[PDB]
Structure formats: C-alpha cells, structure tokens
Amino acid sequence: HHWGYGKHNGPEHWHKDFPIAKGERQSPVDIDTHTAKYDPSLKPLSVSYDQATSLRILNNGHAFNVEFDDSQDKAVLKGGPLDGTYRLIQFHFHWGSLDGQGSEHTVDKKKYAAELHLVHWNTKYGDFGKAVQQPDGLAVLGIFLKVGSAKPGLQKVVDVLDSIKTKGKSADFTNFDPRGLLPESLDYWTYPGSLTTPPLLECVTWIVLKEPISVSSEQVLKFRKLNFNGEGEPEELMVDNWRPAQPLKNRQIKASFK
Ligand SMILES: COc1ccc(/C(C)=C/C(=O)O)cc1
Ligand SMILES: [Zn+2]
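Residues numbered from 1 in each chain as written, not as in the entry; some residues may be left out. Chains lettered and ligands numbered in written order. Heavy atoms only, no water.

### Looking at the environment of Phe-257
Step number 1: Examined against the element boundaries, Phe-257 turns out to sit in the segment after β15 (254–255).
Step number 2: In sequence terms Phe-257 and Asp-187 are 70 residues apart; their C-alpha atoms lie 6.1 Å from each other.
Step number 3: Dropping the residues within four chain positions of it, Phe-257 is found in contact with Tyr-38, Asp-187, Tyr-188, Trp-189 and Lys-210. (Helix = DSSP H or I, 4+ residues; strand = E, 2+ residues; numbered from the N terminus. Contact = heavy atoms within 4.5 Å.)

Here's what the structure looks like:
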C-alpha cells in the first residue's frame, strides 16, 4: 500500500484499500464536551511507566515511532475503562504545518498543534499483531500539544530528529522516560474506536487526556523539518500527518471527571 496524507493518497482515499475506513467505530472523533457523560463507574487510571525500556526511534515515512521493549510488563496502562493489563509498545505524534492544526481528536471542534499517541496492547492476546485483531486489543493514550513553554521531557526526542530526517532512518533511543511527556492531570475522555492510520482496525479503547501539554515553538518547528520522503528523493516536509474527525455514529464518549 502507498497511503499518506497528500491530495492523491490522503485520508479521503484510504477507504479504497481499507474499507473499514467507513466503519462504525472509526477514529479520531470530535469530543463534544457538553454531551460527554461523566461515568462514576470508571476505575482509577494507572499509568505505570517506571520500568519503561525504550529501544529505538524510527521515521516510517508517516510519522516517527519511539519503540519500547514489550516482552515483559515494564510499562503498562491499567484501570480507567480497561480490563486487564496493556503494555506500552510505541509512541508517535501527529502534527500540523501551522499551530492551529495537527491534532486528530478535537475538543468542541478545537484543533491543537499536535497530538501524542502512546500505544498499548492487551497482554491477554500475547502479542501486538494478535491484539490488533481484537475489539479490545489496544489502548491508546492521546495527549494534546499546544504551543507555549517548552516540554523538557520532549527535548531528547527533538534533539535526535536530525538523525532520522528521512523515511527508513532509525537511531538508538535507549533510556527514554515517557513519564516526561504527561500533563499534571490524568482526567480523560474515553470511547471505543480505531487506529487512525491504515489499516484503521477497530481495536482501540481511546483514552484522551483533558489537559494538553505545552511545547515550545522551537520544539514543534523541529517536527516540521522531518521528511516524508526517503534520502535522495525530492523533499516533502513531514507536516499535517493527521486524519480529521470521523462520524461518531453509535458511540457515547464518557468522561472521568465531572
Ligand atoms: C497491522 O499493522 C499496524 C499498523 C499500524 C498500527 C498503528 C498503531 C496505527 C496507528 O497508530 O493508528 C498498528 C498495526
Ligand atoms: Zn497516532
């Protein structure tokens, strides 16, 4: 497949190769804060990242992934809407060419400059490939980015980007602490949805934090210097790698906070 974010291979085209793009539980969505329902039944959300073991950072020609050792329970997400234990496998971002766009989820139709996705899979399914074939296989923690003050926890990501400028490049990325990417509050919205890139599988419990993190102009500008293209190919800046909001259809968004 040769999908991307351009006029000729972007989100409006994806359904031809991935028909589930027009499915019943696609992501992202607009979070209407006035129709989301406070759910007192939600258990506390547990983000347990103290033993996280990062391995590598990779430019895959769509975004960049920071990958983790997910062979044991070293960084896991529990509680909230989740049953069982979800292992952190990777995180990546979606971002814009301008500060007023870039996020995939929106909040009362507001776009943020970027959105961080921490991707976790349900350990009952044994491996990530099996998990994505299950309706409760993944839990993605989504965190909005707005431009303001710098995020210190993000700088080590920023400073390795020059070494993975183009599609296919990877670099060592050990000893990175993903706790440094979290806002103060873990208040969240949650709903059942999908991957937001092909194959768009409907396997995700989305947990989207209410509180954005702030990153600096310089930090987001360095995201925008990445390339979609491979080395030696005509330069196409890696910007606007976000899917827009999809129809909510038969879904309720629940909130953890009143
Ligand atoms: C089956 O291959 C996969 C490709 C992408 C993904 C993810 C995690 C996509 C996304 O972030 O939307 C999962 C599996
Ligand atoms: Zn994503």
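### Quick word on the environment of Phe-176
Step number 1: Here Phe-176 lies in the loop between β11 (170–172) and β12 (188–193).
Step number 2: A sequence separation of 68 residues divides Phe-176 from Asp-108, and the C-alpha atoms of the two residues are 33 Å apart.
Step number 3: The residues contacting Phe-176, other than those within four sequence positions of it, are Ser-54, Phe-68, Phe-91, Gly-153, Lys-156, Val-157 and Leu-181.

### Concerning the layout of surface pockets
Step number 1: The volume enclosed by the largest pocket comes to roughly 420 Å³.
Step number 2: As for the largest pocket, its lining consists of 23 residues, of which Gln-90, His-92, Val-119, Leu-195 and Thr-197 are closest to the centre.
Step number 3: For the lining of the largest pocket, the secondary structure elements donating two or more residues are β7 (86–95), β9 (114–122) and β10 (138–147).
Step number 4: Ranked by residues supplied to the lining of the largest pocket, first place goes to β7 with four residues.
Step number 5: Considered class by class, the residues forming the lining of the largest pocket number 14 nonpolar, nine polar and no charged.
Step number 6: Size it by volume and the second largest pocket reaches roughly 350 Å³.
Step number 7: Taken together, 15 residues make up the lining of the second largest pocket; nearest its centre are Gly-4, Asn-9, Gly-61, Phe-228 and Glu-236.
Step number 8: The residue inventory of the lining of the second largest pocket, partitioned by class, reads five nonpolar, seven polar and three charged. (1 Å grid on protein atoms, 1.4 Å probe; cavity = no way out; pocket = protein on both sides within 12 Å on 5 of 7 lines; lining within 4 Å. Points joined across faces, edges and corners; volume = space filled by probe spheres on them. Nonpolar A, V, L, I, M, F, W, Y, C, P; charged D, E, K, R; others polar.)

### Re the coordination of the zinc ion (ligand 2)
Step number 1: At the metal site, the zinc ion (ligand 2) is ligated by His-92 (NE2), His-94 (NE2) and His-117 (ND1), and these contacts range over 2.0 Å.
Step number 2: Mapping the donors of the zinc ion (ligand 2) onto the primary sequence yields the spacing H-x1-H-x22-H. With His-94 in strand β7 and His-117 in strand β9, this pair connects stretches of sequence that are 23 residues apart. You'll find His-94 and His-117 in the same group, each marked buried. (Donors = N, O, S within 2.8 Å, 3.2 Å for Na, K, Ca; no water. Buried < 20%, exposed > 50% of the residue type's maximum accessible area, 1.4 Å probe, protein only.)

### Some details on the pattern of salt bridges
Step number 1: Summed over all chains, the structure comprises nine salt bridges.
Step number 2: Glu-67 serves as the salt-bridge partner of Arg-56, at 2.7 Å between the closest nitrogen and oxygen. Here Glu-67 lies in strand β5 (residues 64–68) and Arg-56 lies in strand β4 (residues 54–59), a separation of 11 residues in the sequence.
Step number 3: Look at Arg-56 and you get partly exposed, because its relative accessible area is 29%.
Step number 4: Of the charged contacts, one joins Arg-179 and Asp-177 as a salt bridge, the two residues approaching to 2.9 Å between their closest N and O atoms.
Step number 5: Here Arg-179 falls in the partly exposed class, since its relative accessible area comes to 39%.
Step number 6: With relative accessibility at 33%, the residue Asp-177 sits in the partly exposed group. (Salt bridge = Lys/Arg side-chain N within 4 Å of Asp/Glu carboxyl O.)

### Side note on the site of ligand 1
Step number 1: Surveying the vicinity of ligand 1 reveals the residues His-92, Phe-128, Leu-195, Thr-196, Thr-197 and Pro-199.
Step number 2: Within the backbone of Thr-196, a nitrogen or oxygen atom sits 2.9 Å from an oxygen atom of ligand 1.
Step number 3: In this structure, an oxygen atom belonging to ligand 1 sits 3.2 Å away from a main-chain N or O atom of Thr-197.
Step number 4: Burial of ligand 1 by the protein chains amounts to 70% of its free accessible area of 370 Å².
Step number 5: Its atoms largely coinciding with the cavity grid, ligand 1 occupies the largest pocket.
Step number 6: Looking at the shell around ligand 1 residue by residue, the classes come out as three nonpolar, three polar and no charged. (Near = heavy atom within 4 Å. Polar contact = N/O pair within 3.5 Å; in protein donor to acceptor, adjacent residues only side chain to side chain. Areas by Shrake-Rupley, 256 points an atom, 1.4 Å probe, with all protein chains shown as cover. Sits in = over half its atoms within 2 Å of the grid points.)

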